[PDB]
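So you can see what is in the structure, the chains are spelled out below.
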Amino acid sequence: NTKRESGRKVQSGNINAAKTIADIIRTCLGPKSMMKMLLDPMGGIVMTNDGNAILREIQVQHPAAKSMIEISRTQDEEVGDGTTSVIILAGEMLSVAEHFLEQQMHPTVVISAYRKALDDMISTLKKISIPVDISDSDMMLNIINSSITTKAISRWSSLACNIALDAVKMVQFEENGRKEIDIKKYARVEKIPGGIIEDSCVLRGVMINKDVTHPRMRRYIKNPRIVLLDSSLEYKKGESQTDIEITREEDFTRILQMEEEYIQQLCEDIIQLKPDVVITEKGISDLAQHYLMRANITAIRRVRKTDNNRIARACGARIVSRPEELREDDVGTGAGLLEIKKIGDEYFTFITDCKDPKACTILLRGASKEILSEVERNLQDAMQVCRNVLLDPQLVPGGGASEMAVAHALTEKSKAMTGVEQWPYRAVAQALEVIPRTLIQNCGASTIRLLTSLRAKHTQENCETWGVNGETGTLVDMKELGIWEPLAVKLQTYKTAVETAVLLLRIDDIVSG
Amino acid sequence: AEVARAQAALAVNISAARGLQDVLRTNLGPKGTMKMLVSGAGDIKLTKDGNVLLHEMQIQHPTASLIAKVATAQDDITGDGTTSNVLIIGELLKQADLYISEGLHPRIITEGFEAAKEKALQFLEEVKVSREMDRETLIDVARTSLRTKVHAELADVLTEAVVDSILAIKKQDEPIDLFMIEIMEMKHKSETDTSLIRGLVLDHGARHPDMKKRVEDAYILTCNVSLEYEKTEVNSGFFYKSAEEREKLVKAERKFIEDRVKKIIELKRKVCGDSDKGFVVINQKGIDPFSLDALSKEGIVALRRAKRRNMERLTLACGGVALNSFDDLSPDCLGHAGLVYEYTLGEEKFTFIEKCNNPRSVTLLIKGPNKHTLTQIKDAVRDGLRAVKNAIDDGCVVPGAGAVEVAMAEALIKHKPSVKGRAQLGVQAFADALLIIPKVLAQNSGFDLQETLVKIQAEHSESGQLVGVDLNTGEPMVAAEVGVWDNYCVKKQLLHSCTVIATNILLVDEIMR
Amino acid sequence: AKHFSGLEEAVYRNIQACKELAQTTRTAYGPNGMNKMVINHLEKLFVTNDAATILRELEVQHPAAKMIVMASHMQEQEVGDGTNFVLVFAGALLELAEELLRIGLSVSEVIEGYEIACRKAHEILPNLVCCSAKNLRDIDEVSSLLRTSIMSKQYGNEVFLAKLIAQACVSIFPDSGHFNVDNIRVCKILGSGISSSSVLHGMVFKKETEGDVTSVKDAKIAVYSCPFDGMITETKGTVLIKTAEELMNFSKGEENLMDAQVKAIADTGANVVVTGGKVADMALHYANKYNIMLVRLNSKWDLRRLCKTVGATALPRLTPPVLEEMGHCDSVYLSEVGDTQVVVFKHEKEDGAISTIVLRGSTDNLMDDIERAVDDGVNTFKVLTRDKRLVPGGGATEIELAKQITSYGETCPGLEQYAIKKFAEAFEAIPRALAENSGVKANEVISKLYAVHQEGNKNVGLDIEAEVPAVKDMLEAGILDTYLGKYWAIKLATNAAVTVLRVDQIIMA
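Residues numbered from 1 in each chain as written, not as in the entry; some residues may be left out. Chains lettered and ligands numbered in written order. Part of a larger assembly, values for the part shown. Heavy atoms only, no water.

- Per the deposition metadata, cryo-EM was the technique used to determine this entry, at a resolution of 8.5 Å.

## Quick look at the overall build of chain C
Consideration 1: Scanning chain C for helices and strands turns up 18 helices and 13 strands.
Consideration 2: Overall, the C-alpha framework of chain C stretches about 90 × 60 × 35 Å when taken along its three principal axes.
Consideration 3: Across the 509 residues of chain C, 61% fall into the buried class.
Consideration 4: In chain C, 76% of the contacts between residues at least 6 apart in sequence involve partners at least 24 apart.
Consideration 5: On chain C, roughly 19,000 Å² of surface is accessible, and the fraction owed to carbon and sulfur atoms is 56%.
Consideration 6: Side chains of chain C give 53 positive and 68 negative charges; the mean places of these two sets differ by 1 Å. (Helix = DSSP H or I, 4+ residues; strand = E, 2+ residues; numbered from the N terminus. Buried < 20%, exposed > 50% of the residue type's maximum accessible area, 1.4 Å probe, protein only. Contact = heavy atoms within 4.5 Å. Areas by Shrake-Rupley, 256 points an atom, 1.4 Å probe, with all protein chains shown as cover. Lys, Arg positive; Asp, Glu negative; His and termini not counted. Charge placed at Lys NZ, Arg CZ, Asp CG, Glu CD.)

## Concerning the interface of chain B and chain A
Consideration 1: Contacts between the two partners involve 21 residues from chain B, matched on the other side by 24 residues from chain A.
Consideration 2: Contact between chain B and chain A buries roughly 1,900 Å² in total, counting both sides, with carbon and sulfur atoms accounting for 62%.
Consideration 3: For the pair chain B and chain A, the interface holds two salt bridges.
Consideration 4: A salt bridge links A:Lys36 to B:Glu510; the shortest N-O distance between them is 3.5 Å.
Consideration 5: There are six residue pairs in polar contact connecting chain B and chain A.
Consideration 6: When residues of the side of chain B that touches chain A are traced back to their parent elements, those giving at least two are α3 (63-78), α5 (106-110), α18 (488-507) and β17 (508-512) of chain B.
Consideration 7: In terms of residue count, the dominant contributor to the side of chain B that touches chain A is β17(B) (five residues).
Consideration 8: Here two bridges tie strand β1 (residues 35-39) of chain A to β17(B), and the two strands are oriented parallel to one another. (Buried area = accessible area lost by both parts, 1.4 Å probe. Salt bridge = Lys/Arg side-chain N within 4 Å of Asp/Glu carboxyl O. Polar contact = N/O pair within 3.5 Å; in protein donor to acceptor, adjacent residues only side chain to side chain. Pairing = 2+ DSSP bridges.)

## Some thoughts on helix α10 (residues 289-298) of chain B
Residues and elements named next belong to chain B.
Consideration 1: Of the residues making up α10, those classed as buried are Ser-291, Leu-292, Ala-294, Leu-295 and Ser-296.
Consideration 2: Against the buried residues of α10 lie α9 (246-272), β10 (279-283) and β11 (301-304).
Consideration 3: Two residues or fewer after α10 comes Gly-299, characterised by a positive phi angle close to 105°.

## Concerning the pairing of strand β1 (residues 184-188) of chain C
Residue and element names in this part refer to chain C.
Consideration 1: In terms of residue burial, β1 counts as a mostly covered element, since four of its five residues are buried.
Consideration 2: Where β1 and strand β9 (residues 355-359) come together, five bridges link them in parallel fashion. The residue bridging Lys-188 from the neighbouring strand is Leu-359, located in β9.

## Re the UniProt feature "binding site: ADP" in chain C
All names here are of chain C.
Consideration 1: The positions that UniProt labels "binding site: ADP" are, in the present scheme, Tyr-29, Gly-30, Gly-82, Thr-83, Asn-84, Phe-85, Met-151, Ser-152, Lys-153, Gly-394 and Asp-481. Spanning 453 residues, the named residues nonetheless gather at one spot, since no C-alpha pair among them exceeds 13.2 Å.
Consideration 2: Mapped onto the elements of the fold, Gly-394 is located in the loop between β10 (390-392) and α14 (398-411).
Consideration 3: When its relative accessible area of 2% is taken as the criterion, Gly-394 is described as buried. (UniProt positions renumbered as here; feature names shortened; annotations may be inferred.)

## Things to note about the UniProt feature "binding site: ADP" in chain A
Residues and elements named next belong to chain A.
Consideration 1: Under the UniProt annotation, "binding site: ADP" lies at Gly-30, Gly-82, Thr-83, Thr-84, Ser-85, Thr-150, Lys-151, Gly-399, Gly-470, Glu-471, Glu-485 and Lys-490. Checked against the lining of the largest cavity, the annotated residues just named reduce to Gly-30, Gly-82, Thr-84, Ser-85, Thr-150, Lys-151, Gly-399, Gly-470, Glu-485 and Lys-490.
Consideration 2: Of note, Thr-150 is situated in the loop between α6 (137-148) and α7 (157-170).
Consideration 3: When neighbours within four sequence positions are excluded, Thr-150 is seen to be in contact with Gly-30 and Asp-81.
Consideration 4: Of note is the side chain of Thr-150, whose polar atom sits 2.5 Å from the backbone oxygen of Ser-147.
Consideration 5: Note that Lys-490 resides in helix α16 (residues 487-506).
Consideration 6: Excluding anything up to four places from it in sequence, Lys-490 contacts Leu-125, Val-396, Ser-402, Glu-403 and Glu-485. (1 Å grid on protein atoms, 1.4 Å probe; cavity = no way out; pocket = protein on both sides within 12 Å on 5 of 7 lines; lining within 4 Å.)

Structural data, given as structure tokens:
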């Protein structure tokens, strides 16, 4: 085979896909937003402020259109937000940097300006980031309710945060409150379909929707005995294999019922004793579980052992192979609230596990199951900023003034750095400042004179702390204004942002095989 | 693939809408017309009402998807304004268009709107006066709400029957009529007409001289599954276990018919005592001639083919319990219609279930030999029913014929939103979509949507006068005296469904295929 | 396409759709009509006068006109003359808006013009009733209206089909103060003349009359679409030539397999069998043995016509028929219906309501053109019974209304001023139609029909007199329509017009 691919063409299409994806999303960003409306090839219109929702549902292409969703999803999972930032940030840095610098003709110094810009960004952030109280849900509120209003929804600003505020503090880890690492199986959210925000509240603990699914199961018995498999209901659920006949057509019906008839005995030895809770990680079959529901033994299934282990201890338990076999005794109850709410016919068991790693599946409701989601989507980013205020009490104010706060701090380091690297490090600098400018050009007038006033403001007044208002454009204080760009969320978007553009730098060439 | 961005995506949006919208503007007030609608089926439909035209077919654009959305709002949430709701948005769009034709942000002009809607909502509260739900006070609302929806003369005879239907209430107070709608379309010498016939009406009743056409004292066994099986809530075989068993059931099937009449002939005397009280079995399938006669001969009225709705409205109307069997039932559950009256009109029998013990269900008898006439008259009814039902649910009433809009556009007198003037323009933009009803009519009717409205404006600027373009000749008057008075349910909601979708396109800078 | 945009449906489609449907009537209406050949999916030439007859077979794509064809069928059932008039009337009514469209008058405006004027016109129609006449019995007097109503719908014998349908409609009834849908049916039979046609009250089966004649007075039938090859509940017999020995057993068995049939026929009772299906060789010979009349191999036409007139219903199987499935007729007899010897029943009070006018000629279309006539002789006579009112023959009433609705336009003033002037114009295309079949201008007709300026009689119809347009008195000519006819023919032509006149572009995905 004879093939080679040359230089700018990919790099262009990179920069092309880089900035284009950034365009509407960065205008969808901010207190003054926009909307990205897809029109499906079928004729269906899809209008979402998140192009990640738009692009994945539409054509995804071999260039950075392939590499934008990966780093968006990389930005999706970790903190939970910044989803719209990376693609507007990566599309921001690559364009302004590369071309001029590839007109200066060099990949390498461009690569370094990222790590150069990374620390100053870390620097002036961590400097001008403002520590806010971890234990004050109000001092949490103003920083956490700022990150809710970020994308499409200020609706759950109070409510999701309020439900998110204390829960995350009340979470812990395996390594310990919640804080530390990012574990979102301690951030968990399970929906209550329908319901109401009043029926909703802060559940600082975990719910198991599958703990009590029926009124027959154990309910409101507050010293639980959770049991892991091994004897009462054994690891093996296999057939009894009694009087099986390969020569009989009637035996085909027998062998499938025979699986659960042995499981019948498995949940029956639960009846013979009745540890008030039963968990099975491979799940229990129904015919046996009807007998569980006869004994008021809540049947926990299709939620993990680690999940149940974190829930058991946090709700309390003594695990046994079988209650007639006591391995050792543990505490009876680890929780203060065992609550089963019924919305629909489904019973939702909310066990508040206070200061517990648990699964922290938190009770939340919207008026209906759909806006129920926007609790979580905000709760996530709320619990994100909840864990963030725990993770990083110090987190920046900004309307994107941080994106200036770095850029001029870059520039004033860039002026201090000089070299050829000055230019990339500055060509990386002026990129950052279009992000908040788009927020305040959505505001109107001259957003440059604003940036003038901004970079006037920068060393004059403040950089990110005394900021620019995303709904106004004037020089303000985002702390005073109560708007907060979380330090982790800030830095995290950038760590994810700097790399993809470096990849797009690295790639002048692809293959078909 | 490809996309559209900037004002290019915007232009496609704002053009497609106002390209579709003015097509709908052909119809409003009585001086509108009935727009020919042929969907893929081939049937012609003539409607001045929005929901029909909007939800059947559309010239396909990305905007055509959202227009039926807020069209699914107006008819749902109100039912009056479906005709009116469409004409508002593009008139506002062309306004905002001017500002972005000047050039400006669709975001800043977005912020220039909803306050004005919120203002007008206030102003709508202001200018309106709460009015009686009295029948004749409703008429001036009834005709108009009908007449803004559908042409006058139809709306004029509808004005009577619709109010007669919405005043038929037991004081079940709704925006619409669910039960008050029972529509009987009849082939008749009247091509367009609706007859008000009180009480539940049955799809049919069976003829026989011994079968009582007049049942004043009704003990109603609701009857579905036919005579041909014994104690059966569904018809199914007691036989057919082999090939020759096919002959045996039909040989024994005539037995159950006599068994079933045997039940009904005794169940009459059981429940009714003597035969003077007509025992009513409304048999929702065909009654077999023997039991058709033998129930007749015993005095039981065996009625052929009611409806599942006439079964459920019966459960409502008669205050008794329905059944799917003809079985002997305890005399308690048997329905009582204070009148069960089979009514042969033309060749068809319509059995009245009257003295409804819940007369929330009345019946309208629709007239036409030609379905195209018979469909259209059916169509004008119900959109105006809920429209005039929005008259008798509303103790507040808003005077129509542009009385309230000049009380806004003028009383919106600017620099009240002085800040950037973008609201002062946006309210101006919003002020200019208010008058489409004074516009479209003096448009449709005589003179000018403009040269008459200037009087309306002026004559309102005169003496604060309630004034408006005629629904009929398009000339000034006092719209309070005329009695043209819009449902209080319309006005508020009529505004909401506009500016919310008028907000979206502005924030939509992007479209992809 | 049936889907459209571009104002065609408003300012184009309707006036196009109307003269398509119409301008049969223009040569098909008046003292005669000029037949127009129709071919069907079956290839053959069908000459047409009545509006609803040429349009019945005409399959229209027009979203516009599909409203109006029904109105003709409405008009047809009602009266039957004027369905032609209805198409050509609305021909004048709608197009005049094009001027008011050029003049700029809006939609409902001029529609309100024709409407309040067709309300005004319907008001005058009883005033313009000119004399009256009827007899619940007399052929001749009733024939003249039935003559003149089918004039538009017939170019053929006016007096002869006048006298038949008058006889038929009347003499099928004890009163004819009552008149119904089918009081007359037709056995279309060729041979002899078309004026050899005869009115025989009863059910004619132009089909074979077979089985030994058993009853004459008893015409009661057990009617069957069930063929008798031996088709009966226990064994459904057919004719199978597959093998010779099995055919030998058929003749044996069929005599008995036909036995339990005409038995069960005459069990539930009848001496006359209507078999809508076949009857086998030994099946009929057993009916010859059983002594029952099998009228065999009938049509669905002769099946239904009986099933219609006797109220009975054909049996596809053989179960014992009920009286709902068994009709009785006055007498079953062999007599010639317009010189055609088959079984012709008698129907008066047994079950009844069938006269048989034998439609005749040298072909079926001659029987179809006299079908055009007597259908109105059926319809108009009901109107005649409903109202014996006589009104100037079509076009002689128009000149009245035009004058009246003219100055009514100047009682109107306001945009309906002209629309009523146009409604005064909407009348007058009818004699134009009459004169255009005559080929002459109505412009001479109009002035002469306005010459005396009353219009109670004077008109120019379809004549060789009209060859030079000449005022004749349709009133005095014996051409007198019925008020309802004059009322209906104006009403729906105004009704179907205004509703199709507000139509807009079709919306389609």
